[PDB]
Amino acid sequence: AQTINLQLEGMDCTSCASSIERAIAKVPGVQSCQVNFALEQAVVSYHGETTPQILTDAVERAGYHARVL
Ligand SMILES: [Zn+2]
């Protein structure tokens with residue numbers, strides 16, 4: 001697995017934290033996604049064709065914003 005951290009914007013509540021996990025989990029190649037609500041960060045484990053930029057697009061499409069750390 002490869003791993004990447006994303007900084008998250010718009011995650012004001014734990015419902016939205018779950019929304020972000022669900023959106024990231026749908027990305028082909030994602031194996032696991034740990035959303036840290038307190039730290040406004042997601043740790044994503046992946047393989048396959050996943051890229052950091054496909055991950056931040058998933059977050060955008062779900063109605064939030066991410067940036068690659
Ligand atoms: Zn919310």
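Quick reminder, even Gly has a Cβ in these numbers, built from the backbone with ideal geometry, and neighbours come from all protein chains shown. What follows is calculated from the coordinates using simple rules that are stated; it is not laboratory data.
Quick check: the angle from helix 52-61's long axis to the longest principal axis of the chain, C-alpha only, nearest 10 degrees?
The two axes meet at around 40 degrees.
Take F37 and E60, extend 7 Å from each Cα along the Cα→Cβ direction, and tell me the distance between the two endpoints in nm.
Using points 7 Å along Cα→Cβ, the separation is 2.8 nm.
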